[PDB]
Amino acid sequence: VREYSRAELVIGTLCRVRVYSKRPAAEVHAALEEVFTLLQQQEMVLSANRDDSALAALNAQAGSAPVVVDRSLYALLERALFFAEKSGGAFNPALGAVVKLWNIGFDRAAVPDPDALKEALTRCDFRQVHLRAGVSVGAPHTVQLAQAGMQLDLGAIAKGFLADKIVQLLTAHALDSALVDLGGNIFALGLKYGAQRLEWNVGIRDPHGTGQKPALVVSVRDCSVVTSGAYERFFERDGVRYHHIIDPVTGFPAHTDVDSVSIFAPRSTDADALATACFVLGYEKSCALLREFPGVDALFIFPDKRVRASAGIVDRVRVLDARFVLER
């Protein structure tokens, strides 16, 4: 058994993959080469903040004719629209008109204009994203953005999608033990080694920490762990903090009763979308939504440092920072 890792700056963040394998090292190296090539290629497909991505091209055709996309992107959009509908739009993959207004706020610390923001909100109806795919052999997959000026932003689901694609790639290379970490979006594949095989111990950060040390760790196998939070990306102006997760009803950063939500799911795509929806919805409505998805678990960290975890994971949680308390 040998342990490997590799990390690079790609898709706007640090992406790291750790593998344990008994295969020849040259086979592991080849798999990791392909992981990082995939991440480069997919940055060019999915990115909402590059002018030259496939998504940018799709957005440039809003209000016009349907656009041919590859089956991968079509599938991701289908899943995004599914979580949009299930979450009552709390997760909304067509929020680009609003996100881009706040985004420039980040760069130069300024809050969007009232009427400008109001206008942007009229161009975020995800029910106007029409996906069509014929049923005959080799029929193309198309996307049409019906509403003029609407803009897709898949920031709340793309890391999950890519983590799932990487797991599929690792498995294709006959690997079965890995920790995939895309800017904190984790997939724990199989079991690690201590030969003693053990669950991966996935850390969850103090929402207000310097990010160094985890506050809690959860032991998992074959599971994604994806966290959304109110302090991973924000700017401040005149004593007010404006974070990156938007409430689509208000067009402002969500005012919510949790500091972070972590979703545990067999598919990272699903964990990523649900984490964002749940953050926007807040605790009680999240619990209601999650009743719909029995195969997922959740861990909520509240502003008062209480932690609540669903029945499927609560016994797997260990508190490392004693300021936090796990309710049982």
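For every residue, the number given is its place in the sequence shown, counted from 1.
Per the record, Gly194 and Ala195 are separated by 4 to 9 deposited residues that are missing from the model. Per-stretch averaging of Cα B factors for 117-125 and 245-253 places 117-125 on top. The mean C-alpha temperature factor is higher for 280-288 when 280-288 and 267-275 are set side by side.
Highest C-alpha temperature factor among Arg237, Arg79, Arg221, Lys165, as the PDB entry reports it: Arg237. As recorded in the entry, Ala109 carries the highest CA temperature factor of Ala178, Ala109, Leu152, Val258.
When all modelled residues of the chain are sorted by CA temperature factor, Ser72 is found within the highest third. In the deposited entry, the Cα temperature factor of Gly184 places it in the middle third of its chain's modelled residues. When all modelled residues of the chain are sorted by CA temperature factor, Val28 is found within the lowest third. Remark: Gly138 belongs to the highest third of its chain, ranked by C-alpha B-factor as recorded.
In the PDB entry, a CA B factor belonging to the highest third of its chain's modelled residues is recorded for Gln212.
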